[PDB]
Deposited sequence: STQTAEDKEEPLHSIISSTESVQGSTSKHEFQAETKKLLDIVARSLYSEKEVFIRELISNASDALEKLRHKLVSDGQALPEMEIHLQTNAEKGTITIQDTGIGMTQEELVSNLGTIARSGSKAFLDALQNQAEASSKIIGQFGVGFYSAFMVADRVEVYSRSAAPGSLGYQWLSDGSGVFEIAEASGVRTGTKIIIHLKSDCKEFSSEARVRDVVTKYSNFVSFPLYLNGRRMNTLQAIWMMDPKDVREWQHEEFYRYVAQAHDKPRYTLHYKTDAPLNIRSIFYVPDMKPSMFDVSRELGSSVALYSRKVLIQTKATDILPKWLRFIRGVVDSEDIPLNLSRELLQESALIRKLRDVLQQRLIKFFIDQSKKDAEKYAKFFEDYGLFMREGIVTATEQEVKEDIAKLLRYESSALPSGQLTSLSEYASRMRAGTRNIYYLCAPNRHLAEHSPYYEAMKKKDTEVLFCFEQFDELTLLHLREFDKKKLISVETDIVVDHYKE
């Protein structure tokens, strides 16, 4: 029995509770978050845990800053069938009386599942008093000074009668592992440790190394191979982004987190569909799917840039990459409405050339460089193979021309090139006609 629990009845109230009413605002806010805010109730577990994390962080930040030693920082959950209750305690930083009397709105999600909510909290500030807070969700809550309150916050939820399911250990376990696996602080359920995965996307890219990226890749992609490509991308400049993107070793989606808290599974709009082969995670604080598209554009540009930069530091690895995933790139080009989205994506295309040795590939932009004068012509020919292409007469005029011609060997490459009628300021025309 390595049983580890901190949740116990140590709290007592000596005086009477003072009765308060929420302000005309908060009654609506509490009402709403219960009534319409969350699509499925279970997420209350998700919110409270998140709160429990934040508090803990704020404690750890304080102590470490003052050079003080660290106490046990933990999050504990307790289910009870006989009492029909679910409990969540964190020792983190607490709440002063002021804070209790008058993070966000996550807490109030608890009233999606509760007849009444009973809370005990203490601030980590020296010589702080503990307090009890009681609510029916009415508009009436109660505050009293409590004894036997541990530093941090203890929330006791008396589930309403159709929500006794969250009094079951198994159920709550499932919810926890679903949304809360990557919590930053040790999390216990009924005395047992329940979490172990590290939110490596939050780390400094220079601290994350291979074995970790490999583990995480296998987890998020549910795969047994390795990522051939890894992009660890962080920004505050446009929006808040902590992301990791993987390209699988094997030939043929992204999870949406916020603050290490699972928002969505198998999300389809974070990345453009032509990038649906990408695996990994995107974490952002700019979250509630009508307008998530800022992120989509930012990530599309960042990923295109990434691959373009991959083609330079390594030539043949990117050649195999284009061989195995060129499908999605052509598809993306033909799909995109605006022209230069087409062209951005077209910067990833690799084709053989009349100039280069048979077996080597070239991008379009490289093609722009070689041409001397005569802007407004890009020359291409599609044929069964390189040898066949070389013979063809129409090129022959080109061969004594001094102008390079690209070589395609599949109709989908030529169709792609025909759709993308123009690259940069130069037209893509076929040497025959």
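Novice: Which parts of the deposited chain sequence are absent from the coordinates, listed in sequence order?
Specialist: Comparing the full sequence with the modelled residues, the uncovered ranges come out as 1-9, 112-141, 292-302, 339-348, 494-502.
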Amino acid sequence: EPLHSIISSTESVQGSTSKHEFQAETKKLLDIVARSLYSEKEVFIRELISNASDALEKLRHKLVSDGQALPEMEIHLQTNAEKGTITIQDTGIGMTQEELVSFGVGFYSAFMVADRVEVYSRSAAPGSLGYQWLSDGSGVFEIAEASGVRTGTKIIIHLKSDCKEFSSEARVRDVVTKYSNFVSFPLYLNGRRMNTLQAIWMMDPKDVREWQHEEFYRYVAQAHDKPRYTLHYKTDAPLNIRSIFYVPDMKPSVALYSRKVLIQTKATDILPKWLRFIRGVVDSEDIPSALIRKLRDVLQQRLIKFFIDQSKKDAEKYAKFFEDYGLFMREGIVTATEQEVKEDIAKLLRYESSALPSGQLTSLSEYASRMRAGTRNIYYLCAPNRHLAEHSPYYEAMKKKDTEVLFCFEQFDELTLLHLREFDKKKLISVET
From here on, numbers count along this sequence of modelled residues.
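Between two forms, the rigid core is the largest collection of C-alphas that superpose within 1.5 Å.
Novice: Determine, for 228-236 and 161-169, which one has C-alphas that on average lie farther from this form in 8 other deposited structures of this protein; superpose on the rigid core first.
Specialist: The stretch that sits farther from the shown form in 8 other deposited structures of this protein is 161-169.
Novice: Fitting on the rigid core only, I'd like to know which of the two stretches, 267-275 or 118-126, ends up farther away in Cα terms in 8 other deposited structures of this protein.
Specialist: Higher root mean square deviation of C-alphas in 8 other deposited structures of this protein is shown by 118-126.
Novice: Check this for me: in at least a third of the other entries compared, is residue 375 absent while its neighbours are modelled?
Specialist: Other entries vs residue 375: at least a third skip it.
Novice: In at least a third of the other entries we lined up, does residue 103 end up with no coordinates?
Specialist: Yes, a third or more of the compared structures omit it.
Novice: Looking at the entry, does 358-366 or 296-304 show the higher mean C-alpha B-factor?
Specialist: Stretch with the greater average CA B-factor: 358-366.
Novice: Is the mean CA B factor in the deposited entry higher across 264-272 or across 325-333?
Specialist: Higher mean C-alpha B-factor in the PDB entry: 264-272.
Novice: Identify, among 156, 187, 73, 81, the residue whose C-alpha carries the highest B-factor in the deposited PDB entry.
Specialist: Among 156, 187, 73, 81, the highest C-alpha B-factor in the entry belongs to 81.
Novice: Select one of 388, 55, 63, 45: the residue whose C-alpha shows the highest B-factor in the crystal structure entry.
Specialist: When the deposited C-alpha B-factors of 388, 55, 63, 45 are compared, 388 is largest.
Novice: Going by the recorded CA B-factors, say which third of the chain residue 406 sits in, lowest, middle or highest.
Specialist: Middle third of the chain for residue 406's C-alpha B-factor.
Novice: If you rank the chain by CA B-factor, which third does residue 16 end up in: lowest, middle or highest?
Specialist: Middle third by C-alpha B-factor.
Novice: Splitting the chain's C-alpha B-factors into thirds, which one does residue 414 fall into?
Specialist: Middle third by C-alpha B-factor.
Novice: Going by what the PDB entry lists, where does residue 51 fall on CA B-factor within its chain: lowest, middle or highest third?
Specialist: Lowest third, going by the recorded CA B-factors of the chain.
Novice: Considering every modelled residue of the chain and its Cα B-factor in the PDB entry, is residue 429 in the lowest, middle or highest third?
Specialist: It belongs to the highest third of the chain when residues are ordered by C-alpha B-factor.
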